[PDB]
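Quick heads-up: it's one chain on its own, the form deposited in one PDB entry, in structure tokens.
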């Protein structure tokens, strides 16, 4: 109903922004920067689990489906959230990983940092180009949680299909709020669902580098236990080609 509205629930369950504790007294190194970012990321993923448990409908899914969706989508959630923070703090000019850890053009020059930061900046630049509202962002972020699935389907497929329909309608409500006409509303829905589809390609490159760093420990970068457990499960499924994106537009 409207007391409370679903969108007000999404606003109140959004986690607070975490700080990194990064020590910038001495110069950066790619190893200590990436290890700091992985540790922050593990803490952000724990917050994302608490968020997902609070999402209306999510706990109607089989527990194994809840585990699968979070394991498959965590990088999309974290990159999208990073895009929003970077949009609000710097209009997408810098990557705001935490309020005490902002990556500018010079830190991107570190070894192995440039290509991954370029992909993350592209996400932030889309929020700028489309002038995404907070409520559009919140609805789109739920849909990312529901956008990467096993090819063999989920245990609670019918529940999942209904959850996805509910939050697609909620994104529509957030669009209509901007007070455009019906034709403008459909065009904006097209633009935002195209952005959602593009996240699979933009995040796929981030995952491949993450997987590479996890497996080969290039420069011996550390991962927290939370990410190491998820990555250890996610990588074989992705490598076997057993995962598929759910797309709004035919590819």
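Only residues modelled in both forms are compared. Residue numbers count along the first chain shown, from 1. Throughout, rigid core stands for the largest set of C-alpha atoms superposing within 1.5 Å between the two forms.
*Asks:* At least a third of the other compared entries lacking residue 198?
*Replies:* Counting only entries that model residues on both sides, residue 198 is resolved in every one of them.
*Asks:* Where the other entries model residues on both sides, is residue 181 skipped in at least a third?
*Replies:* yes, residue 181 frequently unmodelled elsewhere, at least a third of entries.
*Asks:* For the higher mean C-alpha B factor in the entry, choose 197-205 or 41-49.
*Replies:* According to the PDB entry, the answer is 197-205.
*Asks:* Highest mean C-alpha temperature factor of the two stretches 219-227 and 63-71, which is it?
*Replies:* The entry gives the higher C-alpha B-factor average to 219-227.
*Asks:* Would you mind checking which of 96, 168, 110, 146 has the top Cα temperature factor in the PDB entry?
*Replies:* The listed residue with the largest C-alpha B-factor is 110.
*Asks:* According to the deposited entry, which of 164, 122, 85, 141 has the largest Cα B-factor?
*Replies:* The record points to 122.
*Asks:* State the tercile, meaning the lowest, middle or highest third, of residue 136 with respect to the CA B-factors recorded for its chain.
*Replies:* CA B-factor rank for residue 136: lowest third.
*Asks:* Is residue 185 in the lowest, middle or highest third of its chain when residues are ranked by C-alpha B-factor?
*Replies:* Middle third, going by the recorded CA B-factors of the chain.
*Asks:* For the chain shown, is the CA B-factor of residue 247 in the lowest, middle or highest third of its modelled residues?
*Replies:* Highest third of the chain for residue 247's C-alpha B-factor.
*Asks:* Would you check the entry's CA temperature factor for residue 21 and let me know if it's in the chain's lowest, middle or highest third?
*Replies:* Lowest third of the chain for residue 21's C-alpha B-factor.
*Asks:* Where does the C-alpha B-factor of residue 214 rank in its chain, lowest, middle or highest third?
*Replies:* Middle third - that is where residue 214 ends up once the chain's C-alpha B-factors are sorted.
Just so it is clear, the following notes concern the form deposited in another entry, a form of the same protein that is not shown.
*Asks:* Which one moved? Candidates are 29, 183, 220, 208, criterion is a Cα shift of 2 Å or more between this form and the one not shown after superposing on the core.
*Replies:* Only 183 moves by 2 Å or more at its C-alpha.
*Asks:* Classify the change in Cα distance between residue 218 and residue 86 in the other entry as closer or farther, relative to the shown form (magnitude of 3 Å or more).
*Replies:* Relative to the displayed form, residue 218 and residue 86 move farther apart in the other entry - a change of at least 3 Å between their C-alphas.
*Asks:* Would you please work out which stretches of at least three consecutive shared residues show Cα displacements of 2 Å or more throughout between this form and the one not shown, after fitting on the rigid core?
*Replies:* Core-superposed, displaced stretches are 25-27, 179-183, 217-219.
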